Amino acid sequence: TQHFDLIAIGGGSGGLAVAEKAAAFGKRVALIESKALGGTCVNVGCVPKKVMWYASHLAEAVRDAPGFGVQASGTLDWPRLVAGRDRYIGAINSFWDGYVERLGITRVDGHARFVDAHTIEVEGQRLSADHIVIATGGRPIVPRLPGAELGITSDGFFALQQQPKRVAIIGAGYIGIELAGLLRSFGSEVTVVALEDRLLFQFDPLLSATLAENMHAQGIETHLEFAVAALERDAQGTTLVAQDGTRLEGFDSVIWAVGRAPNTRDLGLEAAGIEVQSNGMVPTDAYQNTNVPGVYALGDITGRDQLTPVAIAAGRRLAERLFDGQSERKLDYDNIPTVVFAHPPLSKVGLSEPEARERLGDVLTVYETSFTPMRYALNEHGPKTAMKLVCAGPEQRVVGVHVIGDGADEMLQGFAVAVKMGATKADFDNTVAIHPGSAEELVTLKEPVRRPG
């Protein structure tokens, strides 16, 4: 009750990771979870998203099969997809429940709040530890706009027991785009709106442009620089009213996909004297330390890369640092690879061209290519893959790799290793190609499209 080496607040990606490594170094660990182990990723995030992504991937494959001479009819049993998805997620949840007990971790059910710098209270029970790690994650934002409650979030999406016929998605970051692709692939009408002048604004403009092309060809309708002012009920759905009065209208499902807020609202951060930003993010140093000794934060609430393996690595490294004498141990937050699971997917590691220009000079040599992979050889209008290599300095060190198209979801993990090693263009070009496939295009880029100046 005060003899814990560690309290991890939150049994999500970060919390599980720190608790597991700490328990593995023989430490006495308490883990607090108000909902389900696995957090957002397992229950309402990565896993259910990717399972549904496989279904839309197979639906595309059935559409494309006749072109290759493979007989295939062609329609989604949404209830069946949800049933198999939840069974799959359930088993992952059950694994973590059993594993947390196998590790000897003290599981505490309920919502934790700090009471002071080294103590939390959960449903009236106070607990202290030498180390308290905050990993409470986030939740979808619903803007404070008229009729906003007529909309649903990604949480409500994964709760849908039937497929909606006519979807409006508000926001074109990861989840907006991912959900758009899933739903349109299942044959829903899909419109996405976004405040920005292009989809996936945080990504390289070549990826935004090619994604826009692929989505248009899929029959997804898009509205750019479209600011939602309100939602209103019409006959047969809800409408979407823009700042300028434009009405969209008729959607049986409107999904808010406009970001995530950190679960730090009543965590008793004030009581413990822990610094927090107006946006609810908890500042940390490179070693996940808050301003209060013995208090750490990781995962989504730290305001850095909002990804599960970032939460996990940050957690594992912290436990190595605190409990295994590895005093210099920390996560490098540069060159973290990611995939956006559009149809076809995209992936990147490092800097987009404009980011690279912002952080570095015009020292940029940029290589790119577009092509139709052999995956669509015997189809009429397959999506074109696009790739960009962002290189910097006279030695053309690779500072960004960007890909959208078939196979992109498994392509870049190894390129992330090379980039973290400081690969140059020479390192890339001296690597023999694998043929035939798409990844070879990344090591056989010849003429740059842009050079310094």
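For every residue, the number given is its place in the sequence shown, counted from 1.
K.L.:
Zero if continuous, otherwise a range: how many residues of the deposited sequence are missing coordinates between residue 74 and residue 75 (none, 1 to 3, 4 to 9, 10 or more)?
P.N.:
In the record, 1 to 3 residues between residue 74 and residue 75 lack coordinates.
K.L.:
Going by the B-factors listed in the PDB entry, is the mean over the C-alpha atoms higher for 265-273 or for 229-237?
P.N.:
Comparing 265-273 with 229-237, the higher mean C-alpha B-factor belongs to 229-237.
K.L.:
Return whichever of 284-292 and 138-146 has the greater mean Cα B factor according to the PDB record.
P.N.:
Looking at the record's C-alpha B-factors, the answer is 138-146.
K.L.:
Which of these has the highest Cα B-factor in the record: 133, 194, 311, 339?
P.N.:
In the PDB entry, the greatest C-alpha B-factor among 133, 194, 311, 339 is found at 194.
K.L.:
Going by the CA temperature factor in the entry, name the top one among 297, 248, 319, 349.
P.N.:
Max CA B-factor in the entry, restricted to 297, 248, 319, 349: 248.
K.L.:
Can you tell me whether residue 386 has a C-alpha B-factor in the lowest, middle or highest third compared with the other modelled residues of the same chain?
P.N.:
Its C-alpha B-factor, which the entry lists for residue 386, ranks in the lowest third among residues of this chain.
K.L.:
Among the modelled residues of its chain, does the C-alpha B-factor of residue 398 lie in the lowest, middle or highest third?
P.N.:
Highest third, going by the recorded CA B-factors of the chain.
K.L.:
Considering only modelled residues of the same chain, in which third does the CA B-factor of residue 27 rank: lowest, middle or highest?
P.N.:
Its C-alpha B-factor, which the entry lists for residue 27, ranks in the middle third among residues of this chain.
K.L.:
What third of its chain, lowest, middle or highest, does the C-alpha temperature factor of residue 407 fall into?
P.N.:
Lowest third, going by the recorded CA B-factors of the chain.
K.L.:
Grab the CA temperature factor for residue 123 from the record and place it in the lowest, middle or highest third of its chain.
P.N.:
Its C-alpha B-factor belongs to the highest third of this chain's values.
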